[PDB]
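I have placed the structure first, in the form of structure tokens, so that the comments after it can refer back to it.
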Amino acid sequence: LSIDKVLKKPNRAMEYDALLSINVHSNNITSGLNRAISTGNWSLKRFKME
Amino acid sequence: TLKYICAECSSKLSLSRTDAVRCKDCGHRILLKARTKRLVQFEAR
Amino acid sequence: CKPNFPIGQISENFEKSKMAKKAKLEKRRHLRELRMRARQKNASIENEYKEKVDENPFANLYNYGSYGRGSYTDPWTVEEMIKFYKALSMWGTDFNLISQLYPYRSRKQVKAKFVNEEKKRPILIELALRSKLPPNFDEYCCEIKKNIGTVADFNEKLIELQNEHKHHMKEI
Amino acid sequence: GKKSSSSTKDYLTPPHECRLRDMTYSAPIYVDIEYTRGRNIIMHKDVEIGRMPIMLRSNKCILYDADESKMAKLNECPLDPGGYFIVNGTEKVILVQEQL
Amino acid sequence: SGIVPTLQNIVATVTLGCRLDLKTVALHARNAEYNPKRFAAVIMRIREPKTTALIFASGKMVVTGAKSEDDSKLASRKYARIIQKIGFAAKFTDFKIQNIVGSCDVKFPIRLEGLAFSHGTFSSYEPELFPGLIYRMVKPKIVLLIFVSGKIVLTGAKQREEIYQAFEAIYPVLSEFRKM
Amino acid sequence: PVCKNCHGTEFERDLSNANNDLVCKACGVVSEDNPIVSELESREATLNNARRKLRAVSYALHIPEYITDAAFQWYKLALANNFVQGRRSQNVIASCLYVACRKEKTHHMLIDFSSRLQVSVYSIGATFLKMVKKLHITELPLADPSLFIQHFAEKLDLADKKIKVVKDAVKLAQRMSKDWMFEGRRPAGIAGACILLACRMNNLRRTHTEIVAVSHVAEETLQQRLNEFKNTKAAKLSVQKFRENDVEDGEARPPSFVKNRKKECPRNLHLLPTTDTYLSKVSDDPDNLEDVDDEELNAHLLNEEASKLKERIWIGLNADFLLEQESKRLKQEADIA
Amino acid sequence: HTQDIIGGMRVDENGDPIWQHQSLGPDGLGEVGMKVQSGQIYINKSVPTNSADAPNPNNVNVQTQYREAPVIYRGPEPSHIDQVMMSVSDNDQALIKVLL
DNA sequence: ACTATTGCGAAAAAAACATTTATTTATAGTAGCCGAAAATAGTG
DNA sequence: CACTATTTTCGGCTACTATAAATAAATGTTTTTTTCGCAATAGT
Ligand SMILES: [Zn+2]
């Protein structure tokens, strides 16, 4: 969802690079693991069990 | 004085206030307050 | 021991510095030959046909001179001067038609070349004002050299095409 | 853990030095990726995404196979069992669950 | 020293009572330049007195490229003479001046970050976007810029007299903390 | 605050036996007993949207949270002061949080904000000065380059003896601070050269390109700096040798007046030239204009047989009025149907 | 942009130490090696009173805003200060940790 | 299948409003691209 | 030992934001809101 917002642009469709914005979602796997270990309750989606 | 000393650099230094948190001679950033010279009193029981 | 480039010690992983720097000159080398030549499931198949390359972090490096207006203008020639000074002498100062005379040259730098000729040769532009007369009669060849590309008398031919178009409104 | 360019072990914070700063004793995640920049496709190495908090005495930590001399320099107890995380200070451990 | 700041560009606009058409003033001119897709007006350039003319399709007109002051009124009225060829009234009533720029020389190297620390509440700059400093002076409501070479461009005078009392104001204020 | 008997102004709380009563000091009467402890929407929707976006780049630049929350108030006022309208969304937040980064005097530059979004530096630099000018931010920290040297060493992955090469670099920079270069030059430039010179003398990690991956400035404009200090004073003393122990100032030579030279009572009011005398030179005839007559501008006129010839090429370069014409003709068709 | 300061040992009648301040030290950090009792602040922490006020982009009156908020050693028995270290967290943010 | 009731989705549009079109001073500062020249090293 | 060729070595140049301060018709878009369409879904 952070690339197709850009890919719907006429001028920014040739020179655009993807992993320049890889770092914006980088802090969603650290604070997700460090919360699940600190607060020992793991909220999943595929099984929906708490 | 005998101000803040480092953990493993173990180098006596006097940090000037509100300036840094690291030590010299190493980039290690955990430092201890040294024991005072002031006399203290105890018992023996 | 002057500060400019002695090889003098370990210099770990210097080859990625050397490989990208030497390849940088090759990048502009392709951009020189583009100028002189101008002087003269199914989507993944062509993605396989594209060039596959490994990224080295030194190559794509950016500075202040990046993503900005302008480029390097082609330096002018004496062959361009004689077609410049002749149209400069016939008209007063008209950037419009002379931009099409020089096919890949743009409106912007030919304006700058007028600014370039002001300080450089300030006496030739004083004669450009003074030259308001029929010149040495060789421009008639360059008159029809402008008229041989798409030979169509636009004083009479380039009327009917909108008369074709304005008739279409009266139909619809 | 390591990169593919330097091919070193790593440079990593000590765990006892980590537990006095309320930090998460972690290790980076590295992938390699290939994509289409444009006219050409391009493959890049060593993309960092996040930091993996890893248990002590595992083969990725620096305490693996010490000789109470590195561990003397890293002031950890040789008699410590290991097997627990140091997320943001306090040291926690995951218990062994069971079900039907 | 007795140095005078010379004046480089003088711009002015007048009103016109007649509405302009782009056909009848461009297609039988000499400095024919009008690109409707690029720019909605016609320019023309004369070698003497090296000024530049700019019109508007609504009727209005503005001039730039004038070095002196009386020479601006000379050039503006010669620009009206070509419009007398076309069947237009071509009248000029109000010769307003609003934009007078000057350049000067001081010719001793100065610091600029010293006054940027002292006179920082009222004037400031950014180094990596622009080399010089931007100076403000609200007492004549004049703004301008300085350099590290001493030479100071006195830009944007709405009145020719307005800069003169401002010109010798700052130069004693600048000369302090002189280098040695 | 005032006692009932002695009107005491200071109150002391007794924590000895955990009664937590509050007693005046003078006479000892209790003041209190039994303590009681405590055990638009579219305007909101656009800031909660923007709450995501300034937090977005803070993850990229390793920004700790006390800058991001501090810059939130700068965006909060600039929204209220009608600054947010017209400009792009990503431009108005990238210019916003740099101001907070300047107040902290951080190592972060400005060019790193333009990096991923693929614009020029002065693209988002253009909206920056419009922020500080319109919103009257008078005080501001100076762009001190001494911060940048300390941060460059970590990603420079140099030898373990990295503290001595910085302590030598800062004494170089402090010596170069008294020197006369960075006054209109760039803080990233001169701090990209002094750390380049200090690392030169001890290792060959200088490759003229590895530091450009750090400093982000051209290989040749830093070589200009390597020539620039050599020609002022006492560089040839320390070109080859000479341990970093001297304390000299030398001459004062900012490299601006040399090129100016190589190229080569107050002021009274009634001596400078006036303005209204030049206004009154030639008459102010409103409609008449036959007092500025001449012979070349009278001959400034079309060519009569080339009136059709000049327009033929002008209509040969016509494609706009071709394309413009059906826009008026479809306007007639769209008005009726 | 306001920090928290460690000002300490307010003085009285030609002497530094008040009954609460015999073990508070010069820097505001409690001195290593001496005992504490009830009362007797061992870390002096001062907080700005404009904890959530809006940033006025000026410096007009910022000189007197630090109200005291210390931590008093409770407990019924006299304990000693063993040692105290100070360091930084993962963000640039200082720590104070004394072990009684 | 197909028609109707629904919510959102996209786009107008409104109002504002900063962003572009051409001037002139330079001045110092980058930054890119180009030889200009000069020494140096392979190899005769 | 010495020629020939080349890789530096060194400017040289050309551009190029800036700056204000006008003028001004576009000339962009933005938020904010409102409009309008279609598909979304489910019951015809
Ligand atoms: Zn140390």
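Every read-out reported here was derived from the displayed coordinates using simple, explicitly stated rules and does not represent laboratory data. Positions of Cβ are backbone-derived with ideal geometry, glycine not excepted, and every protein chain shown enters the neighbour counts.
Taking D:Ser58, D:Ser69, D:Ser26 as the candidate residues, the one with maximal mean-square fluctuation in a Gaussian network model of chain D, Cα springs under 10 Å, is D:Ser69. Calculate the tail of P(r) for segment F:28-150: the fraction of all Cα-Cα distances greater than 27 Å, expressed in %. Percent of Cα pairs beyond 27 Å in segment F:28-150: 26. Of the residues D:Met43, G:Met9, E:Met137, the one with the fewest other Cβ atoms within 10 Å heads the list, and the complete ranking is D:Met43, E:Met137, G:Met9. Based on Cα contacts under 8 Å between residues 6+ apart, chain G shows a relative contact order of 24 percent.
Mean per-residue shielding of peptide F:308-319 is 6, counting Cβ atoms of other chains within 10 Å of each Cβ. Mean per-residue shielding of peptide F:73-79 is 2, counting Cβ atoms of other chains within 10 Å of each Cβ. Under a Cβ-Cβ cut-off of 14 Å, what is the net charge of the residues other than G:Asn56 that fall near it, where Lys and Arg count +1 and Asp and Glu count -1? Here the count lands on 0.
How many percent of Cα pairs in the protein assembly as shown exceed 41 Å? Of all Cα-Cα pairs in the protein assembly as shown, 61 percent lie more than 41 Å apart. Mean sequence separation of contacting Cα pairs (under 8 Å, at least six apart), scaled by the length of chain E, corresponds to a relative contact order of 23 percent. The equivalent ellipsoid that matches the C-alpha gyration tensor of chain F spans semi-axes of 58, 43, 30 angstrom, in descending order.
The GNM of chain G, with springs linking C-alpha atoms under 10 angstrom apart, assigns the highest mean-square fluctuation among G:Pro70, G:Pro17, G:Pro57 to G:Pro57. Express in whole angstrom the spacing between the alpha-carbon centres of segment C:55-129 and segment F:131-182. Between the Cα centres of segment C:55-129 and segment F:131-182 lies a distance of 41 Å. Taken over chain D, the ratio of Cα radius of gyration to 2.2 N^0.38 Å equals 1.39.
Charge tally for E:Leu27 (other residues, Cβ to Cβ under 9 Å; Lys, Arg +1; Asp, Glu -1): +1. By the count of neighbouring beta-carbon atoms within 10 Å, fewest first, F:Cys194, C:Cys142, D:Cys77 end up ordered D:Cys77, C:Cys142, F:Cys194. Comparing G:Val88, G:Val60, G:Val47 in a Gaussian network model of chain G (Cα springs below 10 Å), the most mobile by mean-square fluctuation is G:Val60.
Shape call for segment F:109-167 from the C-alpha gyration tensor, a ≥ b ≥ c root eigenvalues: rounded (a/c under 1.5), prolate (a/b greater than b/c) or oblate? Because a/c hits 1.5 or more and a/b fails to exceed b/c, segment F:109-167 counts as oblate. Take the Cα radius of gyration of segment B:3-45 and divide it by 2.2 N^0.38 Å, N being the number of residues; the result is 1.52.
With q set to 0.17 Å⁻¹, the log10 of I(q)/I(0) for chain E, from the Debye formula over equal scatterers at the Cα positions, is -1.02. In the protein assembly as shown, what % of DSSP beta bridges are antiparallel (nearest 5)? Among the beta bridges of the protein assembly as shown, antiparallel pairing accounts for roughly 95 percent.
For segment C:1-39 and segment F:196-259, what is the separation of their Cα centres, given in Å? One Cα centre to the other: 22 Å.
Residues whose amide H comes within less than 5 Å of that of E:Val101, counting only those at least five positions distant or on another chain, are E:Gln8, E:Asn9, E:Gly156, E:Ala157 (H built at 1.01 Å from N in the peptide plane). Contact order for segment E:12-97, expressed relative to its length and based on alpha carbon pairs under 8 Å spaced 6+ residues apart, stands at 38 percent. Using θ = phi - 60° in the Karplus curve 6.51 cos²θ - 1.76 cosθ + 1.60, the 3J(HN,Hα) couplings for segment A:6-23 round to 7, 5, 8, 9, x, 7, 9, 9, 10, 8, 6, 10, 8, 7, 5, 10, 6, 7 Hz; x is entered for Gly and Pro.
Among the residues of C:45-56, the average count of other protein chain beta-carbon atoms within 10 Å of the residue beta-carbon is 4. Each of the peptides E:101-113, B:13-25, D:78-90 was scored by the mean count of other Cβ atoms within 10 Å over its residues; in descending order, highest first, they stand as E:101-113, D:78-90, B:13-25.
Largest first, the three principal axis extents of the alpha carbons in segment E:109-170 are 33, 23, 20 Å in whole numbers.
Given B:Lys37/G:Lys45; C:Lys27/C:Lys113; C:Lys146/F:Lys308; C:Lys21/F:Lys236; C:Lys83/C:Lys111; C:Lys18/F:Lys236, which pairs have Cα atoms separated by over 18 Å? Mind showing how you got there, number by number?
Details: B:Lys37/G:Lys45 24 Å; C:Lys27/C:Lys113 28 Å; C:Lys146/F:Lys308 15 Å; C:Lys21/F:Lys236 30 Å; C:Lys83/C:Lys111 16 Å; C:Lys18/F:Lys236 29 Å.
The pairs that break the limit, which is 18 Å between Cα atoms, are B:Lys37/G:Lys45; C:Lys27/C:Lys113; C:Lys21/F:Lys236; C:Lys18/F:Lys236.
Candidate cross-link partners of F:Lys25 among the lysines, defined by an alpha-carbon separation under 18 Å and a same-chain spacing of 8 or more, comprise F:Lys4.
Put simply, the Cα atoms of chain C extend 76, 59, 27 Å along their principal axes, the longest span coming first. Along its first, second and third principal axes, ordered by size, segment E:12-97 spans 33, 25, 22 Å in Cα coordinates.
Counting other beta carbons within 10 Å of each Cβ, put B:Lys33, C:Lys50, C:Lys41 in order, fewest first. Can you show the working numbers first?
Details: B:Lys33 22, C:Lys50 14, C:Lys41 4.
Fewest-to-most Cβ neighbours within 10 Å comes out as C:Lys41, C:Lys50, B:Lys33.
What are the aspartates and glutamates whose alpha-carbon lies under 17 Å from the alpha-carbon of C:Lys50, with same-chain residues fewer than 8 places away excluded? Qualifying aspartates and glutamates at Cα under 17 Å: A:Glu15, A:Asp17, D:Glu34.
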